[PDB]
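Written out below as structure tokens is the structure these notes cover.
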Amino acid sequence: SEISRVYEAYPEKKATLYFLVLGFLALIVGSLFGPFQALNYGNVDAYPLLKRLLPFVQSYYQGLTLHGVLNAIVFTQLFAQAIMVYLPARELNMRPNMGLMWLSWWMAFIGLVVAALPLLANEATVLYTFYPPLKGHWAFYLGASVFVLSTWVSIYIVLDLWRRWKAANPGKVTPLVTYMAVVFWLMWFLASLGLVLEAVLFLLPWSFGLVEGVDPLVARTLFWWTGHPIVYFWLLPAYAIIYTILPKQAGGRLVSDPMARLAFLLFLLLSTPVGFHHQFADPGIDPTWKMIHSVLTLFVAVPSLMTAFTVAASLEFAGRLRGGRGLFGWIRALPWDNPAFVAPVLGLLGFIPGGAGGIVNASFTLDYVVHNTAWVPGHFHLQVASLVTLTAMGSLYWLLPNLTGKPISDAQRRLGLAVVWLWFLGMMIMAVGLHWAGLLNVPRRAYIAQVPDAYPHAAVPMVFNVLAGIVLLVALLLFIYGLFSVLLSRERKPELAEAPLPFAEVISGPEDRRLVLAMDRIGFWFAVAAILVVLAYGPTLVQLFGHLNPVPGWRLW
Amino acid sequence: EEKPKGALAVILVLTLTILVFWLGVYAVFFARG
Amino acid sequence: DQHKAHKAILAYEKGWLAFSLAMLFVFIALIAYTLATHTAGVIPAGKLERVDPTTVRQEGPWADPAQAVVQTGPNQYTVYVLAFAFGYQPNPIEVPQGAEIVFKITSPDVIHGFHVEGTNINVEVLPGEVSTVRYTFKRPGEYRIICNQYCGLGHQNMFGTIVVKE
Ligand code: HAS
Ligand code: HEM
Ligand SMILES: CCCCCCCCCO[C@@H]1O[C@H](CO)[C@@H](O)[C@H](O)[C@H]1O
Ligand code: CUA
Ligand SMILES: [Cu+]
């Protein structure tokens, strides 16, 4: 059933743009629920308008559950399986198992479908974190469960066409994109353990019928095992594009490939053993395990601190190369007309307050000041809804023509670039209002608009959330209209469909071999990665699994 | 060609931002203690 | 230019790591300074403490709310608090200023938040376990209690009161 020879010699080009369109679909219907949530956090009850316009929506909380799952869980994993298979693919000029990269999409698809149905019909409105005792349909804890395991297919695929390539190429260090990709996918295996343990061992027995209750401490001390590295799971495909494709959209070179390895290496070692940072306010977990976990989280920040110097060093060198001038001429020198450039560069800027917020959340006792306030969705919109979501958006404008001929028009370029700026400016304004609101104590996950008189001190950041709501609709509407317009043209020109993935040269230095070589002992680093997990999680997960105090699940909705 | 002075200005902005979030939320914390 | 903007860019790389570890270590020394002062008192007790959620109103220290405030020290009162679908018990919670209040909360239904506006008391409340936080109010007044953890459609309305007696 294939054809136009571009899609012939590379049919994973097809296996990519399917993932990359289910992932966008999910992002569309999720982000609809979004401006409705902003108006709320700006004391404006726009839910009459929603229940008329989507009479299937029951509660404020139904949509947040959709907002959560479709955006953070679903949009991101698929964009991750797109970029992080198809990249070690196009680099290596090899073909991923064409059969297995289809046990993925189907697998994910019906797994998505089997979760979509009970959510769509009020049966698992337990928010994107399903913390027991809240319980939902068997089909939810089945669907999202099948959906995540889809990734295990990805780990094999990629490890596989790595270990293939290795054999044909003895003595030759692993390629940059593939190296990225291999530590990435390994780290995620070691991390999916939790959300699968909790799914098999508790969520599925409990929800099918075979136990009457789950222990909340462990369901949650397990959920966060995964819950944390999964955001570094959503991050690194974007760090992929930024270290290896963005310096050339800029007119430059990735200045140090050893560093752009050391970062990924470091995410392999330290993304998983951290979850207590989400449990600072839980009982029945020791202050010293929280503390070892605090300090470790402050370390999962070093590779991003470094990511900052390397990416700036790089954009700046590109900028000087086009005649950029004094201390700041280089910003003005860059291609501020290519949304594939503008998109992830605006996201990187919003990332400076996001990471700062992160470094507070991590700081053990300081999480008491802002835990479960609006400060937290303030922090993570700057991280996943702005940086991560934006890179992707802007990577429809170089990754899309490179997957189905259809080129990008100067009508489309100028709508890709207005979309991107409004969604960035929207996000910043929501950052202020949400951070400021949390500091004034406004809770998170709350229909506060129904209690319009309870947070008088939040008067002025509430005006900010309203502005940010309007603006993200004007950007969500132009982006929907936009996303169809590109991949609903006839147009299919197959030439820029074989213009090879626009990677970057890589200012090679003498220091490269001792360093690179060291980090290429993948198998060994993977052994350190799963010993840190055993040192951090074991003494607790085991003085726990031998103290289980399970409890009836409740449906309050 | 020299001092990547510009990249230095960006990690300086990052640094100042990390500092004022941290030190800001650090006082708020004692204020409520 | 080009391979000498590699000589410079990887040594700055070296300087910036130095600086950043130095900075993250101050944050560890300062977090650690908080980790022993009265302000540290709000950290949930480490020890496990299991109870039966469905029997919890029908027997034990959280069963008749007038008994919630029980002195357990010369300058120390323990407040058994129970947090449930869409309210708190007792309400208000009366405690005197200057006193160590050991709060011991739990839930007969779903997980709840217990966040005392104006204070660092911010703690999760799990059905089947007892969170034990620990605080000393230095100003008399009323303090609102907010549930900051989603527990079904009652959530935005779930609030309590603590009066701290002049
Ligand atoms: C995609 C997503 C996310 C990233 C990335 C992320 C990063 C961090 N987070 Fe987080 N987070 C926490 C700590 C951190 C820390 C220490 C980091 C670090 O990894 C961040 C490091 C980042 C930096 C150090 C920034 C460097 C800046 C760069 C690299 C850009 C530079 C600009 C350049 C380069 C160019 C400029 C261009 C020119 C033209 C000049 C903690 C606690 O320690 C909590 C629990 C708090 C609570 O009470 O719930 C938490 C809660 C969340 C939740 C809530 C989960 C829930 O629903 O309960 C989400 C969704 C989330 C997402 C994400 N988070 N986080
Ligand atoms: C127009 C765009 C968006 C707007 C206006 C928006 C707004 C909001 C607001 C105000 C909340 C807080 C609601 C509450 O705590 O009651 C929220 C939650 C959330 N958003 Fe967004 N968002 C948008 C896009 C995104 C995107 C793209 C992602 C993608 C990765 C995302 C991930 C999340 C997550 C995980 C939550 C947490 C919900 C929960 O706590 O269960 N959001 N959004
Ligand atoms: C991007 C961030 C925007 C920040 C805007 C300024 C908010 C100032 C925070 O006020 C704090 O609020 C609480 C009042 O209830 C107290 O607990 C605390 O003592 C008080 O000082
Ligand atoms: Cu109890 Cu929200
Ligand atoms: Cu985390």
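Here, A, B, ... name the chains of the structure tokens in the order displayed, residue numbers run from 1 inside each chain, and ligands are numbered from 1 in the same displayed order.
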Sorted by chain and rising residue number, list the residues of chain A at most 10 Å from ligand 4 (counting only C-alpha atoms and all ligand atoms), each with its closest atom pair and distance in Å to one decimal, as a Markdown table.
```
| residue | atom | partner | partner_atom_place_in_ligand_line | distance |
| --- | --- | --- | --- | --- |
| A:443 | CA | ligand 4 | 2 (Cu) | 9.0 |
| A:444 | CA | ligand 4 | 2 (Cu) | 9.5 |
| A:445 | CA | ligand 4 | 2 (Cu) | 8.5 |
| A:446 | CA | ligand 4 | 2 (Cu) | 7.9 |
```
Go through chain A residue by residue and, counting only C-alpha atoms and all ligand atoms, keep those with an atom at most 6 Å from ligand 1; for each kept residue give the shortest atom pair and its distance in Å to one decimal, ordered by chain and increasing number, as JSON lines.
```
{"residue": "A:231", "atom": "CA", "partner": "ligand 1", "partner_atom_place_in_ligand_line": "2 (C)", "distance": 4.6}
{"residue": "A:232", "atom": "CA", "partner": "ligand 1", "partner_atom_place_in_ligand_line": "5 (C)", "distance": 5.9}
{"residue": "A:234", "atom": "CA", "partner": "ligand 1", "partner_atom_place_in_ligand_line": "1 (C)", "distance": 5.6}
{"residue": "A:235", "atom": "CA", "partner": "ligand 1", "partner_atom_place_in_ligand_line": "1 (C)", "distance": 5.2}
{"residue": "A:277", "atom": "CA", "partner": "ligand 1", "partner_atom_place_in_ligand_line": "43 (O)", "distance": 4.7}
{"residue": "A:278", "atom": "CA", "partner": "ligand 1", "partner_atom_place_in_ligand_line": "45 (C)", "distance": 4.6}
{"residue": "A:297", "atom": "CA", "partner": "ligand 1", "partner_atom_place_in_ligand_line": "16 (C)", "distance": 5.6}
{"residue": "A:298", "atom": "CA", "partner": "ligand 1", "partner_atom_place_in_ligand_line": "16 (C)", "distance": 5.9}
{"residue": "A:300", "atom": "CA", "partner": "ligand 1", "partner_atom_place_in_ligand_line": "19 (O)", "distance": 5.9}
{"residue": "A:301", "atom": "CA", "partner": "ligand 1", "partner_atom_place_in_ligand_line": "21 (C)", "distance": 4.7}
{"residue": "A:304", "atom": "CA", "partner": "ligand 1", "partner_atom_place_in_ligand_line": "24 (C)", "distance": 4.9}
{"residue": "A:305", "atom": "CA", "partner": "ligand 1", "partner_atom_place_in_ligand_line": "24 (C)", "distance": 4.6}
{"residue": "A:307", "atom": "CA", "partner": "ligand 1", "partner_atom_place_in_ligand_line": "29 (C)", "distance": 5.0}
{"residue": "A:308", "atom": "CA", "partner": "ligand 1", "partner_atom_place_in_ligand_line": "29 (C)", "distance": 3.7}
{"residue": "A:311", "atom": "CA", "partner": "ligand 1", "partner_atom_place_in_ligand_line": "34 (C)", "distance": 5.0}
{"residue": "A:312", "atom": "CA", "partner": "ligand 1", "partner_atom_place_in_ligand_line": "34 (C)", "distance": 4.7}
{"residue": "A:331", "atom": "CA", "partner": "ligand 1", "partner_atom_place_in_ligand_line": "39 (C)", "distance": 5.1}
{"residue": "A:345", "atom": "CA", "partner": "ligand 1", "partner_atom_place_in_ligand_line": "37 (C)", "distance": 5.6}
{"residue": "A:348", "atom": "CA", "partner": "ligand 1", "partner_atom_place_in_ligand_line": "30 (C)", "distance": 4.2}
{"residue": "A:349", "atom": "CA", "partner": "ligand 1", "partner_atom_place_in_ligand_line": "32 (C)", "distance": 4.9}
{"residue": "A:351", "atom": "CA", "partner": "ligand 1", "partner_atom_place_in_ligand_line": "30 (C)", "distance": 5.1}
{"residue": "A:352", "atom": "CA", "partner": "ligand 1", "partner_atom_place_in_ligand_line": "27 (C)", "distance": 4.6}
{"residue": "A:355", "atom": "CA", "partner": "ligand 1", "partner_atom_place_in_ligand_line": "22 (C)", "distance": 3.4}
{"residue": "A:358", "atom": "CA", "partner": "ligand 1", "partner_atom_place_in_ligand_line": "14 (C)", "distance": 3.7}
{"residue": "A:359", "atom": "CA", "partner": "ligand 1", "partner_atom_place_in_ligand_line": "16 (C)", "distance": 4.4}
{"residue": "A:361", "atom": "CA", "partner": "ligand 1", "partner_atom_place_in_ligand_line": "42 (C)", "distance": 3.8}
{"residue": "A:362", "atom": "CA", "partner": "ligand 1", "partner_atom_place_in_ligand_line": "43 (O)", "distance": 2.8}
{"residue": "A:367", "atom": "CA", "partner": "ligand 1", "partner_atom_place_in_ligand_line": "48 (O)", "distance": 5.3}
{"residue": "A:371", "atom": "CA", "partner": "ligand 1", "partner_atom_place_in_ligand_line": "48 (O)", "distance": 3.4}
{"residue": "A:372", "atom": "CA", "partner": "ligand 1", "partner_atom_place_in_ligand_line": "48 (O)", "distance": 5.7}
{"residue": "A:376", "atom": "CA", "partner": "ligand 1", "partner_atom_place_in_ligand_line": "49 (O)", "distance": 5.8}
{"residue": "A:380", "atom": "CA", "partner": "ligand 1", "partner_atom_place_in_ligand_line": "62 (C)", "distance": 4.5}
{"residue": "A:383", "atom": "CA", "partner": "ligand 1", "partner_atom_place_in_ligand_line": "2 (C)", "distance": 4.4}
{"residue": "A:384", "atom": "CA", "partner": "ligand 1", "partner_atom_place_in_ligand_line": "1 (C)", "distance": 3.7}
```
Enumerate, in order of chain and increasing residue number, the residues of chain B with an atom no farther than 8 Å from ligand 3, each with its shortest atom pair and distance in Å to one decimal, counting only C-alpha atoms and all ligand atoms, as a tab-separated table.
```
residue	atom	partner	partner_atom_place_in_ligand_line	distance
B:28	CA	ligand 3	19 (O)	5.0
B:29	CA	ligand 3	19 (O)	7.7
B:31	CA	ligand 3	19 (O)	5.5
B:32	CA	ligand 3	17 (O)	6.2
```
Next, dump the selected residues to file, keeping only N, CA, C and O atoms, as a PDB file, in the first residue's frame.
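Below you can see selection.pdb, which holds the result:
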```pdb
ATOM      1  N   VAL B  28       9.759  34.974  52.386  1.00  0.00           N
ATOM      2  CA  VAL B  28       8.409  34.454  52.543  1.00  0.00           C
ATOM      3  C   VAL B  28       8.399  33.217  53.464  1.00  0.00           C
ATOM      4  O   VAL B  28       7.603  33.180  54.371  1.00  0.00           O
ATOM      5  N   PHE B  29       9.269  32.227  53.290  1.00  0.00           N
ATOM      6  CA  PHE B  29       9.232  31.054  54.169  1.00  0.00           C
ATOM      7  C   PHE B  29       9.420  31.362  55.699  1.00  0.00           C
ATOM      8  O   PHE B  29       8.637  30.893  56.533  1.00  0.00           O
ATOM      9  N   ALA B  31       9.116  34.403  57.125  1.00  0.00           N
ATOM     10  CA  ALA B  31       7.893  35.122  57.468  1.00  0.00           C
ATOM     11  C   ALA B  31       6.707  34.226  57.918  1.00  0.00           C
ATOM     12  O   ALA B  31       5.913  34.650  58.779  1.00  0.00           O
ATOM     13  N   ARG B  32       6.563  33.020  57.373  1.00  0.00           N
ATOM     14  CA  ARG B  32       5.454  32.198  57.835  1.00  0.00           C
ATOM     15  C   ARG B  32       5.796  31.125  58.866  1.00  0.00           C
ATOM     16  O   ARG B  32       4.958  30.248  59.132  1.00  0.00           O
TER      17      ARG B  32
END
```
Chain B contacts to chain C at 7 Å (only C-alpha atoms) as a PyMOL selection string: chain B and resi 1-4+29+32-33
Secondary structure check, alpha helix (DSSP H) residues of segment 170-320 of chain A, as an MDAnalysis selection string: chainID A and resid 176:198 204:208 216:227 229:244 246:250 259:270 287:300 302:320
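Taking atom CA of residue 15 of chain B and atom CA of residue 389 of chain A as the two end points, the separation is 24.6 Å.
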Near ligand 2, 6 Å: chain A residue rows, closest pairs, only C-alpha atoms and all ligand atoms, as JSON lines:
```
{"residue": "A:31", "atom": "CA", "partner": "ligand 2", "partner_atom_place_in_ligand_line": "2 (C)", "distance": 4.9}
{"residue": "A:34", "atom": "CA", "partner": "ligand 2", "partner_atom_place_in_ligand_line": "4 (C)", "distance": 3.8}
{"residue": "A:35", "atom": "CA", "partner": "ligand 2", "partner_atom_place_in_ligand_line": "5 (C)", "distance": 4.0}
{"residue": "A:37", "atom": "CA", "partner": "ligand 2", "partner_atom_place_in_ligand_line": "10 (C)", "distance": 4.4}
{"residue": "A:38", "atom": "CA", "partner": "ligand 2", "partner_atom_place_in_ligand_line": "10 (C)", "distance": 4.0}
{"residue": "A:64", "atom": "CA", "partner": "ligand 2", "partner_atom_place_in_ligand_line": "38 (C)", "distance": 5.5}
{"residue": "A:65", "atom": "CA", "partner": "ligand 2", "partner_atom_place_in_ligand_line": "41 (O)", "distance": 5.8}
{"residue": "A:67", "atom": "CA", "partner": "ligand 2", "partner_atom_place_in_ligand_line": "20 (N)", "distance": 6.0}
{"residue": "A:68", "atom": "CA", "partner": "ligand 2", "partner_atom_place_in_ligand_line": "35 (C)", "distance": 4.2}
{"residue": "A:71", "atom": "CA", "partner": "ligand 2", "partner_atom_place_in_ligand_line": "29 (C)", "distance": 4.1}
{"residue": "A:72", "atom": "CA", "partner": "ligand 2", "partner_atom_place_in_ligand_line": "30 (C)", "distance": 3.9}
{"residue": "A:127", "atom": "CA", "partner": "ligand 2", "partner_atom_place_in_ligand_line": "41 (O)", "distance": 4.7}
{"residue": "A:128", "atom": "CA", "partner": "ligand 2", "partner_atom_place_in_ligand_line": "41 (O)", "distance": 4.9}
{"residue": "A:377", "atom": "CA", "partner": "ligand 2", "partner_atom_place_in_ligand_line": "12 (C)", "distance": 5.7}
{"residue": "A:384", "atom": "CA", "partner": "ligand 2", "partner_atom_place_in_ligand_line": "30 (C)", "distance": 4.6}
{"residue": "A:385", "atom": "CA", "partner": "ligand 2", "partner_atom_place_in_ligand_line": "27 (C)", "distance": 3.9}
{"residue": "A:389", "atom": "CA", "partner": "ligand 2", "partner_atom_place_in_ligand_line": "27 (C)", "distance": 5.5}
{"residue": "A:444", "atom": "CA", "partner": "ligand 2", "partner_atom_place_in_ligand_line": "15 (O)", "distance": 4.1}
{"residue": "A:445", "atom": "CA", "partner": "ligand 2", "partner_atom_place_in_ligand_line": "16 (O)", "distance": 3.3}
{"residue": "A:446", "atom": "CA", "partner": "ligand 2", "partner_atom_place_in_ligand_line": "16 (O)", "distance": 4.7}
{"residue": "A:469", "atom": "CA", "partner": "ligand 2", "partner_atom_place_in_ligand_line": "5 (C)", "distance": 5.6}
{"residue": "A:472", "atom": "CA", "partner": "ligand 2", "partner_atom_place_in_ligand_line": "1 (C)", "distance": 4.3}
{"residue": "A:476", "atom": "CA", "partner": "ligand 2", "partner_atom_place_in_ligand_line": "1 (C)", "distance": 5.9}
```
Writing out the chosen residues with C-alpha atoms as a PDB file, in the first residue's frame:
```pdb
ATOM      1  CA  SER A  31      -5.733  23.197  24.678  1.00  0.00           C
ATOM      2  CA  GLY A  34      -7.186  25.842  28.446  1.00  0.00           C
ATOM      3  CA  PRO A  35      -8.401  29.483  28.001  1.00  0.00           C
ATOM      4  CA  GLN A  37      -9.156  27.424  32.950  1.00  0.00           C
ATOM      5  CA  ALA A  38      -7.295  30.801  32.657  1.00  0.00           C
ATOM      6  CA  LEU A  64      -8.975  19.714  33.543  1.00  0.00           C
ATOM      7  CA  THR A  65      -8.711  15.944  33.439  1.00  0.00           C
ATOM      8  CA  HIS A  67      -6.431  19.227  29.728  1.00  0.00           C
ATOM      9  CA  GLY A  68      -4.001  17.237  31.850  1.00  0.00           C
ATOM     10  CA  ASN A  71      -1.613  17.656  26.775  1.00  0.00           C
ATOM     11  CA  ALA A  72       1.035  16.426  29.206  1.00  0.00           C
ATOM     12  CA  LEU A 127      -7.342  14.459  36.999  1.00  0.00           C
ATOM     13  CA  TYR A 128      -4.111  13.473  35.112  1.00  0.00           C
ATOM     14  CA  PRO A 377       1.057  25.387  37.127  1.00  0.00           C
ATOM     15  CA  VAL A 384       6.044  22.026  28.998  1.00  0.00           C
ATOM     16  CA  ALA A 385       3.316  24.377  27.648  1.00  0.00           C
ATOM     17  CA  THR A 389       5.052  22.641  23.128  1.00  0.00           C
ATOM     18  CA  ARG A 444      -4.500  24.807  42.197  1.00  0.00           C
ATOM     19  CA  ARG A 445      -6.981  22.425  40.442  1.00  0.00           C
ATOM     20  CA  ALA A 446      -9.871  24.631  41.785  1.00  0.00           C
ATOM     21  CA  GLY A 469      -7.023  33.651  28.565  1.00  0.00           C
ATOM     22  CA  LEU A 472      -4.292  32.013  24.140  1.00  0.00           C
ATOM     23  CA  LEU A 476      -5.222  28.513  19.786  1.00  0.00           C
TER      24      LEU A 476
END
```
Interface, chain B side, toward chain A (6 Å; only C-alpha atoms) as a PyMOL selection string: chain B and resi 6-7+14+18+22
All strand (DSSP E) positions in chain C, as a PyMOL selection string: chain C and resi 69-73+76-84+87-89+93-96+100-106+112-116+122-125+131-135+141-146+159-165
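With only C-alpha atoms taken into account, the protein and nucleic acid residues at most 8 Å from residue 61 of chain C (excluding it and anything under 5 positions from it in its own chain) are residues 67, 68 and 80 of chain C.
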What are the residues of chain C lining chain A at 6 Å or less? Count only C-alpha atoms, and put the answer as a PDB file with N, CA and C atoms, in the first residue's frame.
```pdb
ATOM      1  N   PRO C  44       6.208  16.798  57.626  1.00  0.00           N
ATOM      2  CA  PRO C  44       5.480  15.657  58.211  1.00  0.00           C
ATOM      3  C   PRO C  44       6.410  14.695  58.994  1.00  0.00           C
ATOM      4  N   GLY C  46       8.211  11.514  60.065  1.00  0.00           N
ATOM      5  CA  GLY C  46       8.731  10.438  59.236  1.00  0.00           C
ATOM      6  C   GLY C  46       7.966   9.157  59.419  1.00  0.00           C
ATOM      7  N   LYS C  47       7.716   8.798  60.683  1.00  0.00           N
ATOM      8  CA  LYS C  47       7.134   7.506  61.027  1.00  0.00           C
ATOM      9  C   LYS C  47       5.733   7.152  60.443  1.00  0.00           C
ATOM     10  N   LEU C  48       5.572   5.877  60.102  1.00  0.00           N
ATOM     11  CA  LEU C  48       4.331   5.406  59.537  1.00  0.00           C
ATOM     12  C   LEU C  48       3.378   5.285  60.680  1.00  0.00           C
ATOM     13  N   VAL C 110     -11.012  10.472  50.682  1.00  0.00           N
ATOM     14  CA  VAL C 110     -10.075  10.692  49.609  1.00  0.00           C
ATOM     15  C   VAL C 110      -8.968  11.575  50.144  1.00  0.00           C
ATOM     16  N   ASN C 120       3.617  28.222  57.214  1.00  0.00           N
ATOM     17  CA  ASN C 120       4.230  27.179  56.373  1.00  0.00           C
ATOM     18  C   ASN C 120       3.497  25.777  56.454  1.00  0.00           C
ATOM     19  N   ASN C 122       1.629  23.093  55.305  1.00  0.00           N
ATOM     20  CA  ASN C 122       1.132  22.741  53.998  1.00  0.00           C
ATOM     21  C   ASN C 122       1.340  21.282  53.855  1.00  0.00           C
ATOM     22  N   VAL C 123       0.297  20.493  54.122  1.00  0.00           N
ATOM     23  CA  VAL C 123       0.561  19.032  54.173  1.00  0.00           C
ATOM     24  C   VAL C 123      -0.545  18.144  53.616  1.00  0.00           C
ATOM     25  N   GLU C 124      -0.143  17.041  52.971  1.00  0.00           N
ATOM     26  CA  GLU C 124      -1.068  16.128  52.290  1.00  0.00           C
ATOM     27  C   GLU C 124      -1.734  15.194  53.298  1.00  0.00           C
ATOM     28  N   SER C 131      -0.861  12.200  58.984  1.00  0.00           N
ATOM     29  CA  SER C 131       0.166  13.237  58.833  1.00  0.00           C
ATOM     30  C   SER C 131       0.357  13.928  60.167  1.00  0.00           C
ATOM     31  N   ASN C 148      -5.905  22.241  49.254  1.00  0.00           N
ATOM     32  CA  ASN C 148      -5.181  22.463  47.969  1.00  0.00           C
ATOM     33  C   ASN C 148      -4.910  21.146  47.237  1.00  0.00           C
ATOM     34  N   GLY C 152     -12.720  15.839  44.310  1.00  0.00           N
ATOM     35  CA  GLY C 152     -14.068  15.743  43.767  1.00  0.00           C
ATOM     36  C   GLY C 152     -14.738  17.106  43.781  1.00  0.00           C
ATOM     37  N   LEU C 153     -16.024  17.158  43.411  1.00  0.00           N
ATOM     38  CA  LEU C 153     -16.663  18.443  43.073  1.00  0.00           C
ATOM     39  C   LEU C 153     -16.849  19.370  44.259  1.00  0.00           C
ATOM     40  N   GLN C 156     -13.422  23.244  45.605  1.00  0.00           N
ATOM     41  CA  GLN C 156     -13.260  24.712  45.752  1.00  0.00           C
ATOM     42  C   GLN C 156     -14.004  25.290  46.960  1.00  0.00           C
TER      43      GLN C 156
END
```
Neighbour list for residue 396 of chain A as a PyMOL selection string, cut-off 10 Å, only C-alpha atoms, skip fewer than 4 positions in-chain: chain A and resi 20+339-340+391-392+400-403+408+416+483+486-487
Skip segment 147-162 of chain A itself and residues of its chain fewer than 2 positions away, then list as a PDB file with N, CA and C atoms, in the first residue's frame all residues within 7 Å of it, counting only C-alpha atoms.
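What follows is the written file around.pdb:
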```
ATOM      1  N   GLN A  81       8.017  10.004  20.624  1.00  0.00           N
ATOM      2  CA  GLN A  81       8.179   8.837  19.725  1.00  0.00           C
ATOM      3  C   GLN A  81       8.397   9.261  18.231  1.00  0.00           C
ATOM      4  N   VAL A  85      12.772   8.532  17.526  1.00  0.00           N
ATOM      5  CA  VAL A  85      12.986   7.361  16.634  1.00  0.00           C
ATOM      6  C   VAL A  85      13.525   7.850  15.269  1.00  0.00           C
ATOM      7  N   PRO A  96      14.541   1.729  10.802  1.00  0.00           N
ATOM      8  CA  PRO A  96      13.847   1.043  11.908  1.00  0.00           C
ATOM      9  C   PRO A  96      12.922  -0.061  11.423  1.00  0.00           C
ATOM     10  N   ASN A  97      13.022  -1.199  12.083  1.00  0.00           N
ATOM     11  CA  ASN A  97      12.060  -2.262  11.958  1.00  0.00           C
ATOM     12  C   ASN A  97      10.724  -1.642  11.502  1.00  0.00           C
ATOM     13  N   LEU A 100       7.698  -3.110  13.526  1.00  0.00           N
ATOM     14  CA  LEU A 100       7.557  -2.731  14.942  1.00  0.00           C
ATOM     15  C   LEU A 100       7.142  -1.255  15.126  1.00  0.00           C
ATOM     16  N   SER A 104       3.643   0.171  17.422  1.00  0.00           N
ATOM     17  CA  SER A 104       3.648   1.394  18.207  1.00  0.00           C
ATOM     18  C   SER A 104       2.379   2.246  17.999  1.00  0.00           C
ATOM     19  N   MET A 107      -0.844   0.486  18.658  1.00  0.00           N
ATOM     20  CA  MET A 107      -0.793   0.201  20.093  1.00  0.00           C
ATOM     21  C   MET A 107      -1.225   1.450  20.885  1.00  0.00           C
ATOM     22  N   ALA A 108      -0.467   2.542  20.739  1.00  0.00           N
ATOM     23  CA  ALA A 108      -0.821   3.875  21.243  1.00  0.00           C
ATOM     24  C   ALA A 108      -2.247   4.343  20.886  1.00  0.00           C
ATOM     25  N   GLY A 111      -5.000   2.221  22.573  1.00  0.00           N
ATOM     26  CA  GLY A 111      -4.702   2.590  23.969  1.00  0.00           C
ATOM     27  C   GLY A 111      -5.198   3.991  24.332  1.00  0.00           C
ATOM     28  N   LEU A 112      -4.933   4.957  23.455  1.00  0.00           N
ATOM     29  CA  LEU A 112      -5.592   6.267  23.515  1.00  0.00           C
ATOM     30  C   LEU A 112      -7.132   6.135  23.402  1.00  0.00           C
ATOM     31  N   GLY A 143      -6.449   1.741  29.201  1.00  0.00           N
ATOM     32  CA  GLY A 143      -6.027   2.535  28.043  1.00  0.00           C
ATOM     33  C   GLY A 143      -4.689   3.287  28.126  1.00  0.00           C
ATOM     34  N   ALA A 144      -4.585   4.207  29.088  1.00  0.00           N
ATOM     35  CA  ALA A 144      -3.355   4.970  29.302  1.00  0.00           C
ATOM     36  C   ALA A 144      -2.182   4.033  29.616  1.00  0.00           C
ATOM     37  N   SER A 145      -2.502   2.873  30.209  1.00  0.00           N
ATOM     38  CA  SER A 145      -1.544   1.788  30.523  1.00  0.00           C
ATOM     39  C   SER A 145      -0.960   1.075  29.277  1.00  0.00           C
ATOM     40  N   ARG A 164      22.601  -2.764  15.787  1.00  0.00           N
ATOM     41  CA  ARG A 164      22.830  -3.041  14.371  1.00  0.00           C
ATOM     42  C   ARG A 164      23.987  -2.162  13.930  1.00  0.00           C
ATOM     43  N   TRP A 165      23.724  -0.868  13.713  1.00  0.00           N
ATOM     44  CA  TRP A 165      24.760   0.104  13.299  1.00  0.00           C
ATOM     45  C   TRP A 165      26.137  -0.134  13.958  1.00  0.00           C
ATOM     46  N   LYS A 166      26.193  -0.233  15.296  1.00  0.00           N
ATOM     47  CA  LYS A 166      27.424  -0.654  16.017  1.00  0.00           C
ATOM     48  C   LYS A 166      28.244  -1.741  15.296  1.00  0.00           C
ATOM     49  N   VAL A 182      19.953   7.171  22.369  1.00  0.00           N
ATOM     50  CA  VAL A 182      20.177   5.918  23.115  1.00  0.00           C
ATOM     51  C   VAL A 182      20.167   6.075  24.644  1.00  0.00           C
ATOM     52  N   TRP A 185      16.102   7.044  25.614  1.00  0.00           N
ATOM     53  CA  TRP A 185      15.344   5.814  25.620  1.00  0.00           C
ATOM     54  C   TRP A 185      15.699   4.797  26.669  1.00  0.00           C
ATOM     55  N   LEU A 186      16.987   4.696  27.010  1.00  0.00           N
ATOM     56  CA  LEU A 186      17.390   3.900  28.188  1.00  0.00           C
ATOM     57  C   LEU A 186      16.876   4.461  29.541  1.00  0.00           C
TER      58      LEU A 186
END
```
